[PDB]
Amino acid sequence: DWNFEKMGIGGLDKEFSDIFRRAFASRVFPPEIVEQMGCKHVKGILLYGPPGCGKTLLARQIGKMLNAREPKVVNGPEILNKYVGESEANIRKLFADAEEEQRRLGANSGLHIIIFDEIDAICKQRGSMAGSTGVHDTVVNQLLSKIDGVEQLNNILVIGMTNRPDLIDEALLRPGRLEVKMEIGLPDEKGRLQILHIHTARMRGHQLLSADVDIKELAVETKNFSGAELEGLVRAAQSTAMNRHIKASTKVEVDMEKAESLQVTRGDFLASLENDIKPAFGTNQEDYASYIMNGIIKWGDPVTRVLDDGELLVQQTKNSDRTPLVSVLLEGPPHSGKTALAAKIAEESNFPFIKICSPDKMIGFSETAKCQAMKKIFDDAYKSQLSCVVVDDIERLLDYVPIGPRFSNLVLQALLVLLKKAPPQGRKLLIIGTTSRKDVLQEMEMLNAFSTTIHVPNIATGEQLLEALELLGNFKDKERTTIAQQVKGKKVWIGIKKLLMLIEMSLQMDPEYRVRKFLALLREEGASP
Amino acid sequence: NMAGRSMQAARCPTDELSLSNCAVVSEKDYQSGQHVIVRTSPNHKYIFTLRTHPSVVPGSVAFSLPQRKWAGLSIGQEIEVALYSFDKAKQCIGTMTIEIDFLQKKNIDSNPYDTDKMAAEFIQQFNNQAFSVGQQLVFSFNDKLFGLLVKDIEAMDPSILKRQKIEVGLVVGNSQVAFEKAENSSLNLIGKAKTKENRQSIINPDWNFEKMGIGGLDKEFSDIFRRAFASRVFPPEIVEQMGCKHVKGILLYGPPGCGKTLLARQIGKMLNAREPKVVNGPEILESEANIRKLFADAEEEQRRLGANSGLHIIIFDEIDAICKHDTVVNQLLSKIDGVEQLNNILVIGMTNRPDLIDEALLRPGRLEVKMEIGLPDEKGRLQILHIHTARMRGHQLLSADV
Amino acid sequence: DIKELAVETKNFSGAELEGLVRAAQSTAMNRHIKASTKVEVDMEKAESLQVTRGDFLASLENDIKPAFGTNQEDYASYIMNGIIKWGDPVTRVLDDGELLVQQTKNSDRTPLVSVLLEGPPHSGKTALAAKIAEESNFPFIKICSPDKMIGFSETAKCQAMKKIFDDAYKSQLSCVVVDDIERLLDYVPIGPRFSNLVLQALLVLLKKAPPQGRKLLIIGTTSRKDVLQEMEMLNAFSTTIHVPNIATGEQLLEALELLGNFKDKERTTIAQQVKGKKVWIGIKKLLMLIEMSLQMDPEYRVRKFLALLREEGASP
Ligand SMILES: Nc1ncnc2c1ncn2[C@@H]1O[C@H](COP(=O)(O)OP(=O)(O)OP(=O)(O)O)[C@@H](O)[C@H]1O
Ligand SMILES: Nc1ncnc2c1ncn2[C@@H]1O[C@H](COP(=O)(O)OP(=O)(O)OP(=O)(O)O)[C@@H](O)[C@H]1O
Ligand SMILES: Nc1ncnc2c1ncn2[C@@H]1O[C@H](COP(=O)(O)OP(=O)(O)O)[C@@H](O)[C@H]1O
Ligand SMILES: Nc1ncnc2c1ncn2[C@@H]1O[C@H](COP(=O)(O)OP(=O)(O)O)[C@@H](O)[C@H]1O
Ligand SMILES: [Mg+2]
Ligand SMILES: [Mg+2]
């Protein structure tokens, strides 16, 4: 019946109980019955999860529960100090106290917790088994010898914490060594409510907070928020509320005339939520702001059809239980304006996680760093109950230059393995990709990995051109009629992007020459259907 | 009509009917005042109010440009039209909120507009007409054209003899209109019948920049003061009362020579704090003893006075060179972060390369403030020239030609 | 009773038994703690402490994971939607798999047996290997797949392969599975390009015999038979099987019923249309189409399905 609401930890209910029952119940019962039953004590635990989820709080709380020595601390990449020799002397200067206390007090001393950090750095040879890198391992041997072997202790306990669980050498996950291994994940809906209650109790007892505040609304308006960021918010709101009453113009100083009813108000919680804090595992509002520049204009049927199909796809991945992963490929002739439809489709979903992976942020990378960046971006998407990812120019990641041909086979072999992998469990992912060449992606056998495909056409009739011109609204009825006469003939092959450039180029001339210039430019561009 | 019939979209015949926001139809087909639902697809239906005009050819519905843009209609396309009956017991509009802005950017002005008069005119013009959330239209008031977008609609209350949100409703005589200007709009709205939605704003203490010695950096200064120093001015008793803490990190990056050092030194000479202690970055690259030498005064002062010592400011210079060596980074992080840390230390870092900076150094608890100081615009240059040419303006030593 | 627990623990190394005993004792010894105020000890049950079979079983189910033993959880990610009998080929393939399984267990002159599954893409050539392996009851059942080695180099892949095959010689029986061979060699039709080292390692491993007194079984899957026949890999596999696709109206009208989504009124029209024609569609694509069409309105779920079937389906 361990009660964790008082301690400060909220949301992490089952994990705490499990980590207590499995590896701690044998340090509370009296020594006599423990000896009679003949049981030893666990001397290792491993914790893995994303940062800012409340792990070091759990460690300190469990350490302080049993009334033991306050913990020590170390850093992983630090103990790899100046060089070797001292690398095994720094390790030595941690356990002397425990051995001395054992000898002095026998087998009745107190627990001496040791909290490592970034343990996957000091103990790593799996990283050498990836494109490039490579490094020797020696310190793990000394650490293993100290943990178990000769002169072993019965009053020690090691707790390892890591951000990546797949680069830990197997030698440390065997019985006798680190045994119990647990996962700490992002809080769910109830966790945010409990954390907000725990973090805003001091100012609700001394009668500071206002009555127009509703915790439930603030909980429901924050999605995929880590643990620490709620604290950051609740702090920034108070900062603004305190700032409002700092009446000073010279040599600062507080004002008592206004100071008295200092009350954080819902506004100070809303203004904080729009400018101050920015989640990491969440929406990105500076990525869909510079892609759909000129908006979307309905110039025919294809736009409506494409949008309807996008809506159907985005609603299938949310209300299904037999197809957790779906994908769709968009294709068309160049300058047809398809990198904007993908962003519009994604932004309309309202999924918690929406992250673009354009090739515009990787200028000069080598074939290995590309693989690394793509794997990291995809890995971040396995930590939410809903995800949408977008890939732009699937032929500038591969570097397909017609002469040769040439390309990076490694990137292709990574990409054609990622698009067929389901998330861990009960999590829904959607992948959208864009491309212009659909006759070089068929030869590589890529089209059999995409579950469907859509076609974005060009403007191919005079009526559509006239409708687009009217909707943009630049040429008036006179020029429209004039331009509506020479264009008789269904041989207008032109992309939407090119049309804006042509209009802007034409507008620069004198008022009476614009129509002739535009017609000449349209004729010179050609058709080549 | 009741079952629905196919019809051809057409253009609005007259400007007055275009401003009426009503679908213009032929007398041979429908009657004025009737409401219709127009279907363009299974998922696209829009409700309109009808008005008859002799010039409409039977077999075509005329729509204005705002209506076509809102409903995605094209002249000459085929639509379905079916008569629609409102449930006046539920769909009558009691209060609706409208975003309003100038329709034409060429006719924008700063003159006031009385939202009570515009509300009355809106009721007079659009009474007994259907309106849906998100609908776009054009409204003529005092011979001025405005773009209106429907934001929210609420149902009417029952009559005295006898607040639900609705997507589509019917405007009646006693309906109420609340108007709000668009984001960044220069429209000046006056009166009481205003939604008046400007709540999301910050009240800031009134600084005197010209005497302060800085010009063209008002917003950055205000934000930094609000986020990093507003807590060390209130008496500590209130800080303990509320249960807050003190920020411990600020990062300012920008092109060389924009006012980075000044923006911190000036604040240093405003809290009556101790004079800063500048250190250089590339020179220190025994370094650990040098790094330890810096904070000794802060440690001694904290030990002597505990939680009563004045703030100590550090203006640690370019940080990309040192932090990306590792020993210095670890020592600094231990000093600022960890079990053993001082509560009277504030670190300010400056640099030119923002991308090269490590990521671990930027996390909540660690450096938690970032700002960008760019080149000044015309206003900044004007203010800078005025401040830098004030000494000569007092002695009577400047010509009138300049 | 020690006998039952001893028999129901297979390929358990020495330490794991001590781990099991400790876990059982801990679980039985947690029910007697009732101290929620600084936790010291609970009386009134400090006596009556026992270790009953229930805790042994619970610990064996959730708390111990052997290294040289079966891994049940893995299969939850391959055999997702079960197996549905839609035609004769399913029964044929399962029967042949069962005979192969019962040849590598009651034989003295054939310690090694290898089989290859192949067929057109999207015909379900993996969720049948997983189902065949899971019914062997063999102590050691691994699965080597290319998605756990993303971004590796040649030498790393060779080491991983040699190591997985080197943990199957230490058990009295085994069944190792390899899937999507063409994605391990890094094959791409342009060129062509591939890794010679991995091919040589795979061949030499496929033609190795384990130490005396032990038996093995290898099951592989592929989607391009001809390419493999070019590299002469087809001579190292003892036998091969063919996995077909749905090609007839009735075998589609049967699958649509067994899945159980469309109803009688709609089924009648679907039959009326499909029966008078031939079809060509893999099993996997059918689920994706059926759940593509279920998202429309109730009165249009029959037309979109057919329209979709007229572009990808019936498209040889
Ligand atoms: N369907 C559409 N109707 C009207 N305007 C559109 C449409 N799609 C995109 N646009 C607009 O036109 C431009 C579309 O061009 P876009 O930026 O997508 O080029 P692109 O397709 O990315 O080029 P490429 O794929 O060759 O690199 C954008 O300004 C966008 O606002
Ligand atoms: N009798 C069945 N045969 C095949 N698949 C079935 C059967 N019953 C249900 N299924 C479902 O159909 C899926 C088809 O197999 P799967 O999804 O593994 O693709 P595949 O065609 O084998 O793969 P690949 O293209 O990599 O060769 C099975 O995973 C399972 O989800
Ligand atoms: N479940 C939680 N309840 C209350 N506070 C939490 C929780 N999780 C994280 N925090 C906050 O996070 C901070 C500690 O972060 P920490 O867990 O050390 O991050 P990391 O584990 O990534 O090092 C504390 O100030 C604490 O208030
Ligand atoms: N916005 C400004 N207003 C007034 N003076 C300025 C402004 N920006 C720069 N200056 C002047 O220019 C000089 C800039 O020097 P410094 O602050 O050391 O530049 P940096 O910090 O970018 O190296 C200062 O002496 C300051 O008086
Ligand atoms: Mg593009
Ligand atoms: Mg397969």
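Residues numbered from 1 in each chain as written, not as in the entry; some residues may be left out. Chains lettered and ligands numbered in written order. Part of a larger assembly, values for the part shown. Heavy atoms only, no water.

Method of determination, as annotated in the archive: cryo-EM, at 3.88 Å resolution.

S.K.: Residue-level account of the overall build of chain C, with values.
M.R.: Within chain C one finds 13 helices and five strands. Whereas a compact globule of 316 residues would reach a radius of gyration of roughly 20 Å, chain C reaches 26 Å, over 25% beyond that. Relative to its 316 residues, chain C shows a buried fraction of 44%. Taking as baseline every contact in chain C between residues at least 6 positions apart, the subset at least 24 positions apart corresponds to 81%. Only carbon and sulfur atoms are counted for the fraction: they give 53% of the accessible area of chain C, which is about 17,200 Å². In chain C, which carries 41 positive and 43 negative side-chain charges, the distance between the mean positions of the two groups comes to 3 Å. (Helix = DSSP H or I, 4+ residues; strand = E, 2+ residues; numbered from the N terminus. Rg over C-alpha atoms; globule rule 2.2 N^0.38 Å. Buried < 20%, exposed > 50% of the residue type's maximum accessible area, 1.4 Å probe, protein only. Contact = heavy atoms within 4.5 Å. Areas by Shrake-Rupley, 256 points an atom, 1.4 Å probe, with all protein chains shown as cover. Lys, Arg positive; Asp, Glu negative; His and termini not counted. Charge placed at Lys NZ, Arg CZ, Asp CG, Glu CD.)

S.K.: I'd love a proper account of the overall build of chain B, names of residues and values included.
M.R.: Each helix and strand counted, chain B has 13 helices and 18 strands in total. Taken against the 2.2 N^0.38 rule, which gives 21 Å for 402 residues, the C-alpha radius of gyration of chain B at 33 Å runs more than 25% over that of a compact globule. Along the three orthogonal principal directions, the C-alpha set of chain B runs to about 95 × 60 × 45 Å. A buried classification covers 42% of the 402 residues belonging to chain B. Summed over all atoms, the accessible surface of chain B reaches about 23,100 Å², with 50% contributed by carbon and sulfur. Both charge centroids of chain B, one from 49 positive and one from 50 negative side chains, sit 2 Å from each other.

S.K.: Lay out helix 11 (residues 266-275) of chain A in plain terms, naming residues and giving numbers.
M.R.: Since the α-helix turns once every 3.6 residues, residues separated by three or four places project in the same direction. Residues and elements named next belong to chain A. Looking only at helix 11, the buried set comprises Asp268, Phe269 and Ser272. In an axial view of helix 11, the angular spread of the buried residues amounts to 100 degrees, which keeps them on one side of the axis. More than 90 degrees from the buried face of helix 11, the exposed residues found are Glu274 and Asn275. Residues of helix 11 that are buried in the fold lie against helix 9 (215-220) and helix 10 (227-243). (Arc of directions from axis to C-beta.)

S.K.: Now, about the interface of chain C and chain A: what can you tell me, with residues and values included?
M.R.: Listed as interface residues are 46 residues of chain C and, on the opposing side, 49 residues of chain A. Both sides of the chain C and chain A interface together cover about 4,700 Å² of buried area, and 60% of this is carbon and sulfur. Inspection of the chain C/chain A interface yields five salt bridges. Here chain C and chain A share eight residue pairs in polar contact between them. Those elements that place two or more of their residues in the side of chain C that touches chain A are helix 2 (14-28) and helix 12 (283-293) of chain C. The element that contributes the greatest number of residues to the side of chain C that touches chain A is helix 12 of chain C, accounting for seven residues. (Buried area = accessible area lost by both parts, 1.4 Å probe. Salt bridge = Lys/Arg side-chain N within 4 Å of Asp/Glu carboxyl O. Polar contact = N/O pair within 3.5 Å; in protein donor to acceptor, adjacent residues only side chain to side chain.)

S.K.: Give a detailed account of the interface of chain B and chain A, specifying residues and quantitative values.
M.R.: Counting from both sides, the interface comprises 33 residues of chain B and, opposite them, 31 residues of chain A. Interface area for chain B against chain A, summed over the two sides, is near 3,200 Å², with a carbon-plus-sulfur share of 60%. For the chain B face of the interface with chain A, the top three residues by lost area are B:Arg226, B:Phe234 and B:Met242, together amounting to 22%. Here chain B is connected to chain A by four salt bridges. With its nearest N and O atoms 3.5 Å apart, the salt bridge here joins B:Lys245 to A:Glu231. There are four residue pairs in polar contact connecting chain B and chain A. For the side of chain B that touches chain A, the elements supplying multiple residues, two or more each, are helix 2 (65-71), helix 6 (218-228) and helix 7 (236-242) of chain B. Looking at the side of chain B that touches chain A, its residues break down into 14 nonpolar, nine polar and 10 charged. (Nonpolar A, V, L, I, M, F, W, Y, C, P; charged D, E, K, R; others polar.)

S.K.: Hey, could you go over the sheet that holds strand 5 (residues 239-242) of chain C for me, with residue numbers and the actual values?
M.R.: All names here are of chain C. Judged by pairing direction, the sheet is parallel, and its five strands sit side by side in the order 2-3-4-1-5 without closing on themselves. The sheet terminates laterally at strand 2 (141-144) and strand 5, the two strands that pair on one side only. Neighbour to neighbour, the strand axes of the sheet diverge by 20 degrees on average, direction disregarded. In this sheet, strand 5 lies alongside strand 1 (residues 112-118) in parallel orientation, the contact comprising four bridges. For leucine 117, the partnering residue across the bridge sits in strand 5 and is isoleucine 241. (Pairing = 2+ DSSP bridges. Axes fitted to C-alpha atoms, helices over the stretch in contact; angles between N-to-C directions.)

S.K.: Could you give me a rundown of the pairing of strand 3 (residues 175-178) of chain C, with the residues and numbers involved?
M.R.: Residues and elements named next belong to chain C. Side chains of strand 3 alternate between two faces, with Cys175 and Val177 and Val176 and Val178 buried alike. Two strands pair when backbone bridges link them, and strand 2 and strand 3 are joined in this way by four bridges, in the parallel orientation. Pairing of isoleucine 141 across the sheet is with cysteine 175, part of strand 3. Handedness of the β-α-β unit built from strand 2, helix 7 (residues 154-165) and strand 3 comes out right-handed. In this structure, strand 3 lies alongside strand 4 (residues 216-222), joined through three bridges in parallel fashion. Counterpart to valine 177 in the pairing with strand 4 is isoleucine 219. What joins strand 3 to strand 4 is helix 8 (residues 196-206), and the crossover it makes is right-handed. (Right-handed = clockwise from strand over helix to strand, strands pointing away.)

S.K.: Can you explain the site of ligand 1? Please cite residues and give values.
M.R.: Residues and elements named next belong to chain A. As a matter of local geometry, ligand 1 sits amid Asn294, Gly295, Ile296, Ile297, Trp299, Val303, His335, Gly337, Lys338, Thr339, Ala340 and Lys497. The contact in question runs from an oxygen atom of ligand 1 to an N or O atom on the backbone of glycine 295, over 2.9 Å. In the environment of ligand 1, an oxygen atom lies 3.1 Å from a nitrogen or oxygen atom belonging to the backbone of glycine 337. Taken by itself ligand 1 offers 620 Å² of open surface, and the protein chains cover 84% of this. (Near = heavy atom within 4 Å.)

S.K.: Can you break down the pattern of salt bridges residue by residue, with the values?
M.R.: Here the structure, examined in full by the defined rule, presents 40 salt bridges over all chains. A salt bridge links B:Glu301 to B:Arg274; the shortest N-O distance between them is 2.8 Å. C:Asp167 serves as the salt-bridge partner of C:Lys163, at 2.5 Å between the closest nitrogen and oxygen. Take C:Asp167: its relative accessible area is 22%, and that puts it in the partly exposed class.

S.K.: Which residues make up empty space enclosed by the protein, and what are the values?
M.R.: Residues and elements named next belong to chain B. Counted as a void, the largest cavity has a volume near 210 Å³. Around the largest cavity sit 15 residues that line it, and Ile319, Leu332, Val347, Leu361 and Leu367 are the ones nearest its centre. At the level of elements, helix 11 (326-336) and strand 17 (345-351) are the ones that each hand at least two residues to the lining of the largest cavity. The biggest single contributor to the lining of the largest cavity is helix 11, with five residues. Residue composition of the lining of the largest cavity, grouped by class: 14 nonpolar, one polar and no charged. (1 Å grid on protein atoms, 1.4 Å probe; cavity = no way out; pocket = protein on both sides within 12 Å on 5 of 7 lines; lining within 4 Å. Points joined across faces, edges and corners; volume = space filled by probe spheres on them.)

S.K.: So, the environment of C:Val279: which residues are in play, and what are the values?
M.R.: Residue and element names in this part refer to chain C. By secondary structure assignment, the location of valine 279 is in the loop between helix 11 (264-274) and helix 12. Measuring from C-alpha to C-alpha, the distance between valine 279 and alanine 314 comes to 4.6 Å, with 35 residues separating the pair along the chain. Setting aside anything within four residues of it in sequence, one finds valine 279 in contact with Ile246, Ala247, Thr248 and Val274.

S.K.: Go over the sheet that holds strand 17 of chain B with me, naming the residues and quoting the values.
M.R.: Residues and elements named next belong to chain B. Here we have four strands laid out as an open sheet, ordered 16-17-15-18, and parallel in their pairing. A single partner strand is all that each edge strand has here, and the edge strands are strand 16 (312-314) and strand 18 (370-372). Within the sheet, the average angular offset between the axes of one strand and its neighbour, ignoring direction, is 20 degrees. Sitting on the sheet, helix 8 (residues 260-268) is in contact with strand 15 (249-253), strand 16 and strand 17, with an inclination near 160 degrees to strand 17.

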